[PDB]
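K.L.:
Dropping in structure.cif, which is mmCIF, C-alpha atoms and all ligand atoms:
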```
data_data
loop_
_atom_site.label_atom_id
_atom_site.label_comp_id
_atom_site.auth_asym_id
_atom_site.auth_seq_id
_atom_site.Cartn_x
_atom_site.Cartn_y
_atom_site.Cartn_z
CA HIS A 3 8.83 -22.32 -2.21
CA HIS A 4 7.03 -19.18 -1.04
CA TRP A 5 4.14 -16.96 -2.09
CA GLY A 6 4.94 -14.31 -4.68
CA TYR A 7 3.69 -12.81 -7.96
CA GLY A 8 5.04 -15.39 -10.44
CA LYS A 9 3.16 -17.85 -12.71
CA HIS A 10 3.48 -20.59 -10.08
CA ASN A 11 3.09 -18.72 -6.74
CA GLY A 12 0.92 -15.66 -7.59
CA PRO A 13 -2.40 -14.48 -6.17
CA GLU A 14 -4.48 -17.40 -7.57
CA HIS A 15 -2.34 -19.77 -5.44
CA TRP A 16 -2.32 -17.91 -2.09
CA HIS A 17 -5.51 -19.56 -0.81
CA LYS A 18 -3.71 -22.91 -0.49
CA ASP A 19 -1.52 -21.59 2.40
CA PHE A 20 -3.76 -18.64 3.44
CA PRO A 21 -7.41 -19.76 3.21
CA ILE A 22 -8.61 -16.27 4.34
CA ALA A 23 -7.74 -15.33 0.71
CA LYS A 24 -11.36 -16.34 -0.08
CA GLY A 25 -12.76 -14.44 2.97
CA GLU A 26 -15.52 -11.90 3.43
CA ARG A 27 -13.47 -8.66 3.60
CA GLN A 28 -10.51 -9.13 1.22
CA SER A 29 -8.60 -6.32 -0.52
CA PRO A 30 -8.09 -4.74 -2.95
CA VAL A 31 -11.50 -4.05 -4.59
CA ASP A 32 -12.84 -2.19 -7.57
CA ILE A 33 -14.26 1.20 -6.52
CA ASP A 34 -17.45 1.72 -8.49
CA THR A 35 -17.70 5.52 -8.25
CA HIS A 36 -21.44 5.62 -9.11
CA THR A 37 -22.27 2.99 -6.32
CA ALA A 38 -20.06 4.57 -3.54
CA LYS A 39 -22.29 6.68 -1.33
CA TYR A 40 -21.35 10.07 -0.03
CA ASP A 41 -21.39 9.86 3.81
CA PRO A 42 -21.75 13.46 5.08
CA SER A 43 -20.94 12.08 8.62
CA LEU A 44 -17.30 11.23 7.54
CA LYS A 45 -14.68 13.69 8.86
CA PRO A 46 -11.82 15.25 6.92
CA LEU A 47 -8.71 13.13 7.19
CA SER A 48 -6.07 14.46 9.62
CA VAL A 49 -2.62 13.57 8.23
CA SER A 50 0.02 14.76 10.79
CA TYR A 51 3.46 13.90 9.30
CA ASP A 52 5.51 17.02 10.27
CA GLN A 53 7.52 15.00 12.92
CA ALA A 54 7.88 11.81 10.84
CA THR A 55 11.21 10.02 11.44
CA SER A 56 12.16 7.78 8.48
CA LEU A 57 14.96 5.29 9.31
CA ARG A 58 15.66 2.76 6.59
CA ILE A 59 14.58 1.38 3.20
CA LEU A 60 14.36 -2.39 2.70
CA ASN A 61 13.89 -4.62 -0.36
CA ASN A 62 11.79 -7.47 1.19
CA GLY A 63 11.51 -9.55 -2.01
CA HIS A 64 7.91 -8.37 -2.64
CA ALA A 65 8.29 -4.56 -2.64
CA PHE A 66 10.45 -2.02 -0.85
CA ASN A 67 9.45 -0.52 2.49
CA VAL A 68 10.43 2.94 3.80
CA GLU A 69 10.33 2.36 7.54
CA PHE A 70 9.59 4.92 10.25
CA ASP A 71 10.29 5.23 13.97
CA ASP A 72 6.86 4.26 15.41
CA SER A 73 8.07 4.08 19.09
CA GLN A 74 6.17 7.41 19.73
CA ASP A 75 3.26 9.41 18.17
CA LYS A 76 5.52 11.18 15.57
CA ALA A 77 3.54 10.64 12.34
CA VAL A 78 -0.18 9.82 12.79
CA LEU A 79 -3.40 9.47 10.83
CA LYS A 80 -6.67 10.39 12.59
CA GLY A 81 -10.18 11.51 11.66
CA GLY A 82 -11.99 10.43 8.51
CA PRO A 83 -13.67 7.05 9.29
CA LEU A 84 -11.17 6.32 12.12
CA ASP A 85 -11.68 6.17 15.88
CA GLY A 86 -8.44 7.04 17.70
CA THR A 87 -4.87 7.46 16.58
CA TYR A 88 -3.01 5.40 13.95
CA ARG A 89 0.81 5.58 13.84
CA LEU A 90 2.76 5.47 10.56
CA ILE A 91 5.07 2.40 10.48
CA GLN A 92 6.08 2.18 6.76
CA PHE A 93 5.10 2.93 3.21
CA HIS A 94 5.56 0.89 0.06
CA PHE A 95 4.26 0.68 -3.49
CA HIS A 96 2.79 -1.81 -5.92
CA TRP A 97 3.52 -1.30 -9.65
CA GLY A 98 3.29 -2.84 -13.10
CA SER A 99 5.53 -3.97 -15.93
CA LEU A 100 3.75 -1.34 -18.14
CA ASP A 101 1.98 1.93 -17.32
CA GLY A 102 -1.49 0.40 -17.96
CA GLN A 103 -1.35 -1.79 -14.84
CA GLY A 104 0.15 -1.85 -11.37
CA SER A 105 -2.46 -0.53 -8.93
CA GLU A 106 -4.27 -2.88 -6.57
CA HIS A 107 -7.46 -0.89 -6.18
CA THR A 108 -9.18 0.10 -9.40
CA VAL A 109 -11.63 2.93 -10.13
CA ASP A 110 -14.51 1.94 -12.41
CA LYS A 111 -12.15 -0.93 -13.46
CA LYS A 112 -9.36 1.60 -14.40
CA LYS A 113 -5.88 0.41 -13.34
CA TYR A 114 -3.27 3.01 -12.44
CA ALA A 115 0.48 2.58 -13.08
CA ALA A 116 1.16 2.11 -9.35
CA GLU A 117 -0.29 2.51 -5.86
CA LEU A 118 1.34 3.91 -2.69
CA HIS A 119 0.33 2.36 0.67
CA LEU A 120 1.05 4.35 3.87
CA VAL A 121 0.56 1.77 6.62
CA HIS A 122 -0.59 2.83 10.11
CA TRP A 123 -1.48 0.86 13.24
CA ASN A 124 -4.06 1.67 15.96
CA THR A 125 -2.17 2.76 19.09
CA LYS A 127 -4.84 1.25 21.40
CA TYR A 128 -3.31 -2.21 20.54
CA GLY A 129 0.24 -1.24 21.59
CA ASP A 130 2.21 -2.84 18.71
CA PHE A 131 1.77 -3.66 15.01
CA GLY A 132 1.70 -7.45 15.66
CA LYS A 133 -1.22 -7.08 18.10
CA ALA A 134 -3.00 -4.59 15.82
CA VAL A 135 -3.07 -6.98 12.80
CA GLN A 136 -5.14 -9.44 14.95
CA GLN A 137 -7.97 -6.84 15.28
CA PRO A 138 -10.68 -5.79 12.80
CA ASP A 139 -9.78 -2.12 13.31
CA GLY A 140 -6.04 -2.64 13.81
CA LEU A 141 -4.67 -0.90 10.71
CA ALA A 142 -5.39 2.08 8.53
CA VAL A 143 -3.80 2.08 5.08
CA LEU A 144 -3.81 5.30 3.08
CA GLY A 145 -3.77 4.37 -0.60
CA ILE A 146 -2.70 6.84 -3.31
CA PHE A 147 -2.78 6.13 -7.02
CA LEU A 148 0.18 7.00 -9.27
CA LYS A 149 -0.26 7.99 -12.93
CA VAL A 150 2.61 8.61 -15.37
CA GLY A 151 3.11 12.23 -16.48
CA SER A 152 5.09 14.97 -14.72
CA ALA A 153 7.71 13.92 -12.18
CA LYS A 154 6.88 13.90 -8.45
CA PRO A 155 9.76 15.91 -6.90
CA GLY A 156 9.21 14.45 -3.43
CA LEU A 157 9.58 10.88 -4.80
CA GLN A 158 13.07 11.38 -6.29
CA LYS A 159 14.99 10.71 -3.04
CA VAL A 160 13.30 7.29 -2.99
CA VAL A 161 14.06 6.64 -6.71
CA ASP A 162 17.74 7.54 -6.26
CA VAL A 163 18.37 5.02 -3.40
CA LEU A 164 16.84 2.01 -5.24
CA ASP A 165 20.10 1.06 -6.99
CA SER A 166 21.52 0.40 -3.45
CA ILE A 167 18.72 -2.08 -2.56
CA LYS A 168 18.36 -3.90 -5.87
CA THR A 169 17.93 -7.38 -4.45
CA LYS A 170 15.91 -9.14 -1.72
CA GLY A 171 17.25 -8.59 1.81
CA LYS A 172 19.22 -5.41 1.00
CA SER A 173 18.60 -2.32 3.12
CA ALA A 174 20.01 1.19 3.24
CA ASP A 175 19.88 4.04 5.74
CA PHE A 176 17.03 6.40 4.74
CA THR A 177 16.74 9.24 7.27
CA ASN A 178 14.96 12.59 6.99
CA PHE A 179 12.51 11.58 4.23
CA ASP A 180 9.30 13.66 4.40
CA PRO A 181 6.29 11.58 3.29
CA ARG A 182 4.18 14.78 2.89
CA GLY A 183 6.02 15.07 -0.48
CA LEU A 184 4.07 12.00 -1.73
CA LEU A 185 0.53 13.41 -1.12
CA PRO A 186 -1.80 14.92 -3.76
CA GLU A 187 -3.40 18.33 -3.17
CA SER A 188 -6.87 16.99 -2.18
CA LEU A 189 -7.52 14.54 0.70
CA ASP A 190 -10.97 13.52 -0.70
CA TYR A 191 -11.27 9.71 -0.24
CA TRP A 192 -13.23 6.48 -0.44
CA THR A 193 -13.22 4.11 2.53
CA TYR A 194 -14.21 0.49 3.19
CA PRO A 195 -13.24 -2.36 5.55
CA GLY A 196 -10.71 -4.77 4.06
CA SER A 197 -7.52 -6.72 4.43
CA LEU A 198 -3.78 -6.82 3.85
CA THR A 199 -3.29 -7.30 0.12
CA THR A 200 -0.39 -9.79 0.63
CA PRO A 201 -0.18 -12.90 2.75
CA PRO A 202 -1.11 -13.30 5.49
CA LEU A 203 -4.16 -11.42 4.08
CA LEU A 204 -5.43 -10.54 7.58
CA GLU A 205 -8.80 -8.78 7.72
CA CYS A 206 -7.58 -5.91 9.92
CA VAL A 207 -7.53 -2.83 7.60
CA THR A 208 -9.64 0.29 7.31
CA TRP A 209 -8.81 1.31 3.71
CA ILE A 210 -8.69 5.04 2.91
CA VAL A 211 -8.13 5.52 -0.86
CA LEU A 212 -7.54 9.06 -2.10
CA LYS A 213 -9.51 10.12 -5.18
CA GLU A 214 -6.73 12.35 -6.62
CA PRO A 215 -3.75 10.45 -8.07
CA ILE A 216 -0.20 11.78 -7.88
CA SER A 217 1.80 12.20 -11.08
CA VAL A 218 5.21 10.55 -11.41
CA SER A 219 7.49 10.54 -14.45
CA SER A 220 8.10 7.59 -16.77
CA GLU A 221 11.76 7.72 -15.67
CA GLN A 222 10.72 7.44 -11.98
CA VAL A 223 8.60 4.31 -12.49
CA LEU A 224 11.21 2.80 -14.89
CA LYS A 225 13.58 2.87 -11.87
CA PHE A 226 11.07 0.93 -9.72
CA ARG A 227 11.02 -1.70 -12.48
CA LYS A 228 14.82 -2.21 -12.23
CA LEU A 229 14.44 -3.70 -8.74
CA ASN A 230 14.71 -7.48 -8.33
CA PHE A 231 12.50 -10.03 -6.51
CA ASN A 232 15.57 -12.31 -6.27
CA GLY A 233 18.49 -12.20 -3.87
CA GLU A 234 22.03 -11.18 -4.85
CA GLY A 235 23.77 -13.63 -7.16
CA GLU A 236 20.43 -15.37 -8.17
CA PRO A 237 18.91 -15.32 -11.67
CA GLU A 238 17.45 -11.87 -12.25
CA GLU A 239 13.64 -11.64 -11.86
CA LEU A 240 12.54 -8.00 -12.26
CA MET A 241 10.29 -6.68 -9.48
CA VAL A 242 7.26 -5.82 -11.59
CA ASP A 243 3.53 -6.67 -11.33
CA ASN A 244 3.67 -7.01 -7.51
CA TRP A 245 -0.09 -6.27 -7.29
CA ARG A 246 -3.06 -8.44 -6.23
CA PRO A 247 -6.13 -8.04 -8.49
CA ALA A 248 -9.52 -6.81 -7.25
CA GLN A 249 -11.38 -9.18 -4.93
CA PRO A 250 -15.14 -9.63 -4.49
CA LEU A 251 -16.81 -6.78 -2.56
CA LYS A 252 -19.31 -9.22 -0.87
CA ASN A 253 -21.34 -7.62 1.91
CA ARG A 254 -19.51 -4.25 1.92
CA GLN A 255 -20.28 -0.63 1.13
CA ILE A 256 -17.67 1.82 -0.12
CA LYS A 257 -18.28 5.32 1.35
CA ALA A 258 -17.12 8.61 -0.25
CA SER A 259 -15.99 11.67 1.76
CA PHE A 260 -17.05 13.97 -1.11
CA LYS A 261 -20.19 14.65 -3.25
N1 LIG A 301 1.10 -18.76 -2.51
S1 LIG A 301 1.35 -19.94 -1.54
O1 LIG A 301 1.98 -19.53 -0.32
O2 LIG A 301 0.05 -20.70 -1.40
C1 LIG A 301 2.48 -20.95 -2.43
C2 LIG A 301 3.37 -21.77 -1.76
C3 LIG A 301 4.16 -22.64 -2.49
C4 LIG A 301 4.06 -22.67 -3.87
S2 LIG A 301 4.87 -23.85 -4.91
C5 LIG A 301 5.72 -22.90 -6.22
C6 LIG A 301 6.69 -23.60 -7.19
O3 LIG A 301 6.03 -24.76 -7.69
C7 LIG A 301 7.35 -23.07 -8.67
SE1 LIG A 301 8.46 -21.45 -8.72
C8 LIG A 301 9.35 -21.35 -10.43
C9 LIG A 301 8.71 -20.72 -11.49
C10 LIG A 301 9.42 -20.40 -12.64
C11 LIG A 301 10.77 -20.70 -12.73
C12 LIG A 301 11.41 -21.35 -11.69
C13 LIG A 301 10.70 -21.69 -10.54
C14 LIG A 301 3.20 -21.81 -4.53
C15 LIG A 301 2.40 -20.95 -3.81
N1 LIG A 302 -0.30 -4.03 0.89
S1 LIG A 302 -0.86 -3.69 2.34
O1 LIG A 302 -0.72 -2.27 2.60
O2 LIG A 302 -2.16 -4.27 2.53
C1 LIG A 302 0.18 -4.47 3.52
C2 LIG A 302 0.64 -3.77 4.65
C3 LIG A 302 1.45 -4.41 5.57
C4 LIG A 302 1.80 -5.74 5.41
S2 LIG A 302 2.93 -6.41 6.60
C5 LIG A 302 2.97 -8.16 6.19
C6 LIG A 302 3.89 -8.90 7.14
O3 LIG A 302 5.24 -8.46 6.91
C7 LIG A 302 3.60 -8.55 8.58
SE1 LIG A 302 1.84 -9.25 9.08
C8 LIG A 302 2.29 -9.89 10.81
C9 LIG A 302 3.17 -9.16 11.62
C10 LIG A 302 3.37 -9.56 12.94
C11 LIG A 302 2.71 -10.67 13.43
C12 LIG A 302 1.86 -11.40 12.61
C13 LIG A 302 1.65 -11.01 11.29
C14 LIG A 302 1.34 -6.44 4.30
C15 LIG A 302 0.55 -5.80 3.35
ZN ZN A 303 0.50 -2.60 -0.15
#
```
Would you mind giving the structure from this file in structure tokens?
P.N.:
Amino acid sequence: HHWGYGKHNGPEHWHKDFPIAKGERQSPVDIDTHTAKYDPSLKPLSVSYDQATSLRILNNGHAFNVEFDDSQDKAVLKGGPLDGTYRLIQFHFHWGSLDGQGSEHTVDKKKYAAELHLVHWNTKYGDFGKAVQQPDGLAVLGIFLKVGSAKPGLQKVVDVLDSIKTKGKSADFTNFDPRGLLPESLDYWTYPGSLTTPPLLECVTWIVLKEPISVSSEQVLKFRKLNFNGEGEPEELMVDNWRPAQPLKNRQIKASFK
């Protein structure tokens, strides 16, 4: 058996193999917008993706990852709450079976249809596997998706999903520009947290953008045609691959904006 998002292996079970699931800085969380304090000392985010090199897209059985060449400083996140340089390694999404759920973070308990995670690692630790062992090892840029108008920059991702339907499938995915997934504003909330899947390591500076991106109903319907299963196995649609909000405990969510 293995962790997943089913009735028998979902988030309420993860603590049995990953006891840090009940830890002091777990993600995601509810963002209470009235309780978040504006921190005028936070810097604007610097998102430098013009030289991003996408390589491949992979169905890992839990989501799909768009992977980048992170062997050099090609696509980096700096500024905001961060010290130093964080290199883009991959992005992925979490989404629902219906439009009223799917995001991992919530905003005043509102769930969005989906959530994009752009995963970056702190270059002072040399590699991703070292960085996840450190409290400031990762920076994940989270962007909410709502259903409305299509996102034109998402369609190249949507159109390749039929080629990676099942767990373990990958496809070449070069020249994808992740700037096409951003909203107009880089206003954000930030707090110290964790990976939202096992192994749930407490290594993430979360940066969650206030402005959602709009995607079309047809775009998210295509995410929901993916499979958790491998080829030839009984079909289990890849939907509701989100962890619910965890206790905030002794943490403060800071806002970049008034
Ligand atoms: N999250 S975790 O790592 O602590 C973990 C590890 C192992 C397990 S046992 C899971 C199995 O009993 C049942 Se799957 C099933 C459900 C419906 C239909 C067919 C088969 C659960 C969670
Ligand atoms: N949803 S999320 O953005 O918080 C997120 C981001 C990245 C992951 S990578 C999970 C595992 O494949 C790699 Se952890 C590992 C890697 C090397 C050595 C030890 C442990 C998980 C969740
Ligand atoms: Zn994620």
K.L.:
Neighbouring residues of ligand LIG 302 (chain A) are defined here as those with any atom at most 10 Å from a ligand atom, counting all atoms listed in the file; list them as a VMD selection string.
P.N.:
chain A and resid 28 to 30 62 64 to 65 67 91 to 96 106 117 to 123 130 to 136 141 to 145 196 to 209 244 to 246
K.L.:
Enter the distance from CA of residue 101 in chain A to CA of residue 192 in chain A, in Å, rounded to one decimal.
P.N.:
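Computed distance, CA of residue 101 in chain A to CA of residue 192 in chain A, equals 23.2 Å.
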K.L.:
Counting only C-alpha atoms and all ligand atoms, give me one row per residue of chain A with an atom at most 12 Å from an atom of ligand LIG 301 (chain A), showing the shortest contact pair and its distance in Å to one decimal, sorted by chain then residue number, as a tab-separated table.
P.N.:
```
residue	atom	partner	partner_atom	distance
A:3	CA	A:LIG301	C3	4.7
A:4	CA	A:LIG301	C2	4.5
A:5	CA	A:LIG301	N1	3.6
A:6	CA	A:LIG301	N1	6.3
A:7	CA	A:LIG301	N1	8.5
A:8	CA	A:LIG301	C9	6.6
A:9	CA	A:LIG301	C9	6.4
A:10	CA	A:LIG301	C7	4.8
A:11	CA	A:LIG301	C15	3.7
A:12	CA	A:LIG301	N1	6.0
A:13	CA	A:LIG301	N1	6.6
A:14	CA	A:LIG301	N1	7.7
A:15	CA	A:LIG301	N1	4.6
A:16	CA	A:LIG301	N1	3.5
A:17	CA	A:LIG301	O2	5.7
A:18	CA	A:LIG301	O2	4.5
A:19	CA	A:LIG301	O2	4.2
A:20	CA	A:LIG301	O2	6.5
A:21	CA	A:LIG301	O2	8.8
A:22	CA	A:LIG301	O2	11.3
A:23	CA	A:LIG301	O2	9.7
A:200	CA	A:LIG301	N1	9.6
A:201	CA	A:LIG301	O1	7.6
A:202	CA	A:LIG301	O1	9.1
A:203	CA	A:LIG301	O1	11.1
A:232	CA	A:LIG301	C12	11.3
A:236	CA	A:LIG301	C12	11.4
A:237	CA	A:LIG301	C12	9.6
A:238	CA	A:LIG301	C11	11.1
A:239	CA	A:LIG301	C11	9.5
A:246	CA	A:LIG301	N1	11.7
```
K.L.:
How far is it from CA of residue 220 in chain A to CA of residue 149 in chain A, in Å with one decimal?
P.N.:
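The value is 9.2 Å.
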K.L.:
Which residues are close to residue 156 in chain A, i.e. within 12 Å by only C-alpha atoms, leaving aside same-chain residues fewer than 2 positions away? Reply as a list in words.
P.N.:
residues 153, 154, 158, 159, 160, 161, 162, 179, 180, 181, 182, 183, 184, 185, 186, 216, 217, 218, 219 and 222 of chain A
K.L.:
If I take CA of residue 226 in chain A and CA of residue 174 in chain A, how far is one from the other in Å, to one decimal?
P.N.:
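Interatomic distance here is 15.7 Å.
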K.L.:
With all atoms listed in the file as the basis for distance, which of A:172, A:107, A:213, A:127 is at the shortest distance from ligand ZN 303 (chain A)?
P.N.:
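Among the listed residues, the smallest separation from ligand ZN 303 (chain A) belongs to A:107.
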K.L.:
Pick from A:260, A:247, A:230, A:210: nearest to residue 171 in chain A, with only C-alpha atoms counted?
P.N.:
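Looking only at the distances to residue 171 in chain A, the closest residue turns out to be A:230.
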K.L.:
Using all atoms listed in the file, find the one residue out of A:105, A:125, A:253, A:169 that sits nearest to ligand ZN 303 (chain A).
P.N.:
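Smallest separation from ligand ZN 303 (chain A) among the options: A:105.
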K.L.:
So, counting only C-alpha atoms and all ligand atoms, which residue among A:138, A:224, A:116, A:33 is closest to ligand ZN 303 (chain A)?
P.N.:
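The answer is A:116, which sits nearest to ligand ZN 303 (chain A).
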K.L.:
With a distance cut-off of 6 Å and only C-alpha atoms, select the neighbouring residues of residue 241 in chain A, excluding the residue or stretch itself and same-chain residues fewer than 6 positions from it, and output the selection as a list in words.
P.N.:
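Those residues are residues 227, 229, 230 and 231 of chain A.
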K.L.:
Once 3 Å is added on each side, what centre and edge lengths in Å to one decimal does the axis-aligned box around all listed atoms of range 127-142 of chain A have, as lines of an AutoDock Vina configuration file?
P.N.:
```
center_x = -4.2
center_y = -3.7
center_z = 15.1
size_x = 18.9
size_y = 17.5
size_z = 19.1
```
K.L.:
For residue 189 in chain A, which of A:34, A:234, A:214, A:175 is the closest residue, counting only C-alpha atoms?
P.N.:
A:214
K.L.:
For residue 82 in chain A, please output as a JSON list (two decimals) with C-alpha atoms, keeping the file's coordinate frame all residues within 6 Å (counting all atoms listed in the file; exclusion window: fewer than 2 positions along the same chain).
P.N.:
```json
[["chain", "number", "residue", "atom", "x", "y", "z"],
["A", 44, "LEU", "CA", -17.30, 11.23, 7.54],
["A", 45, "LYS", "CA", -14.68, 13.69, 8.86],
["A", 46, "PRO", "CA", -11.82, 15.25, 6.92],
["A", 47, "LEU", "CA", -8.71, 13.13, 7.19],
["A", 84, "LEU", "CA", -11.17, 6.32, 12.12]]
```
K.L.:
Which residue is closest to ligand ZN 303 (chain A)? Choose from A:66, A:86, A:261, A:140 and count only C-alpha atoms and all ligand atoms.
P.N.:
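The shortest atom-to-atom distance to ligand ZN 303 (chain A) comes from A:66.
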K.L.:
Could you get me a file of range 95-108 of chain A with N, CA, C and O atoms, as a compact mmCIF listing (two decimals), in the first residue's frame, taken from the block above?
P.N.:
```txt
# COMPACT_ATOMS: atom_id res chain seq x y z
N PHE A 95 0.12 21.02 -9.85
CA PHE A 95 -1.18 21.51 -9.35
C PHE A 95 -1.81 20.49 -8.40
O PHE A 95 -1.49 19.32 -8.42
N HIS A 96 -2.76 21.01 -7.65
CA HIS A 96 -3.73 20.24 -6.88
C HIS A 96 -5.12 20.69 -7.31
O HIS A 96 -5.28 21.90 -7.55
N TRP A 97 -6.07 19.78 -7.48
CA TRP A 97 -7.40 20.17 -7.99
C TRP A 97 -8.48 19.24 -7.45
O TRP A 97 -8.20 18.20 -6.84
N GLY A 98 -9.71 19.64 -7.69
CA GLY A 98 -10.89 18.96 -7.14
C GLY A 98 -11.62 18.11 -8.16
O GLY A 98 -11.34 18.17 -9.38
N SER A 99 -12.59 17.38 -7.64
CA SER A 99 -13.59 16.70 -8.50
C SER A 99 -14.67 17.67 -9.01
O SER A 99 -15.34 17.31 -9.99
N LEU A 100 -14.85 18.80 -8.35
CA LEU A 100 -15.85 19.83 -8.67
C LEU A 100 -15.19 21.19 -8.52
O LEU A 100 -14.23 21.29 -7.75
N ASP A 101 -15.79 22.24 -9.03
CA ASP A 101 -15.09 23.55 -9.02
C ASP A 101 -15.04 24.11 -7.61
O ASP A 101 -14.24 24.98 -7.34
N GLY A 102 -15.93 23.68 -6.70
CA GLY A 102 -15.97 24.24 -5.34
C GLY A 102 -14.92 23.72 -4.38
O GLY A 102 -14.92 24.09 -3.21
N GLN A 103 -13.99 22.90 -4.88
CA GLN A 103 -12.89 22.42 -4.03
C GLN A 103 -11.69 22.14 -4.91
O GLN A 103 -11.84 21.96 -6.09
N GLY A 104 -10.54 21.97 -4.27
CA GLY A 104 -9.34 21.60 -5.02
C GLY A 104 -8.13 22.28 -4.49
O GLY A 104 -7.02 21.74 -4.59
N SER A 105 -8.23 23.53 -4.02
CA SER A 105 -7.04 24.21 -3.47
C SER A 105 -6.64 23.62 -2.14
O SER A 105 -7.46 23.03 -1.42
N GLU A 106 -5.39 23.80 -1.79
CA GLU A 106 -4.84 23.35 -0.50
C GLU A 106 -4.91 24.48 0.50
O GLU A 106 -5.58 24.34 1.52
N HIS A 107 -4.33 25.62 0.21
CA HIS A 107 -4.61 26.81 1.01
C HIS A 107 -6.04 27.22 0.74
O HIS A 107 -6.61 26.99 -0.36
N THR A 108 -6.59 27.88 1.76
CA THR A 108 -7.91 28.53 1.67
C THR A 108 -7.79 29.97 2.12
O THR A 108 -6.81 30.31 2.81
```
